[PDB]
């Protein structure tokens, strides 16, 4: 019926003065734009059809054409920034926001979806959607006593669009908009659907990826315990955004990091630091590095949770990017730690893997490692055991690597290596 139409036939039908013919042509366009292979978005735009679809969004008397035009415009807005821009330039934002209040759940859902695509384009279209007043009706759609009464796909689409409204930076979302959205986000973060949980966690991760004031807006809502619980989840689509959010939070003040620790997060890191997925291990080690950059009692919590052996393990064997995060964690630990804590670090076996990593072709990791060795040597001086550490670094082949670094292209690399050999 409306399958495999030409763009010219669609234009002929939409340009007719017959609402039923216009509806059939719009459905044909929807089916064309839903094609898995090279949907003809640019041809549809060139034909000048976007303004007609936008006008159809306002046909309250013909709900089917509202839905078909909404779907077609959704699939145009799902493409390039230029195609999304073509949708926005047609005046689609206010029309979709008006449709958010439709009595038909599938039309309201389609409007939510379209606004999600538009906002997902970037910060400018996100903020423009916000300025047109989308947040109030979107959140009103979720103002129910129990989210479980809503259709699964409906709730998932609402959660995803809300996450896009929290997404992107340069600039970050308006502070008032974040404050308006956060309570509903917390509620969704306590829902029991894995996709809703994943997207709510990703939204929180976006909101925490910024200055300490943003992190504080999030942490003040009391979501950190729920984030740690989700960090313990079995589904990777949930653990990944939870771990990203926790890492973001520990990039903030030591008190925010202490909220993460107080919620029991460290107890999950034995698994995370051995997780079979490379990215989980990497982000867990990065979180650890930002925790070891904190106070000495926080480093002591890391020690008490038995996590130093796991850092030694990552340093000994892991993807190189995870190993670099581990070197950073070791250098932060040695920078802020007590003498006893650095001694513990050595007793756990950090010297050999660090020395083995000195053979890397990444300047930054070599600087990190040499700085860590310098810190460890300072502690040794405080204990008068620099000779023990020198012997230990020699037996594992470390002195050879540092002597090679004495002749390195980077200035600070050779400076630090020369200083280490000269002074030790």
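Residue numbers count along the first chain shown, from 1.
- The stretch with the higher mean CA B factor, choosing between 299-307 and 337-345, is 337-345.
- Higher mean CA temperature factor, per the PDB entry, when comparing 85-93 with 209-217: 209-217.
- If you compare the C-alpha temperature factors of 70, 50, 41, 396 in the entry, 396 comes out highest.
- Listed residues 321, 229, 156, 167 were ranked by CA B-factor as deposited; 321 comes out on top.
- When the CA B factors of the chain's modelled residues are split into thirds, the value for residue 76 lands in the lowest one.
- Split the chain's modelled residues into thirds by C-alpha temperature factor. Residue 106 is in the highest one.
- For residue 20, the recorded CA B-factor ranks within the lowest third of the chain. Only modelled residues enter the ranking.
- Split the chain's modelled residues into thirds by C-alpha temperature factor. Residue 275 is in the lowest one.
- Ranked within its chain, residue 198 lands in the lowest third, by CA B factor from the PDB record.
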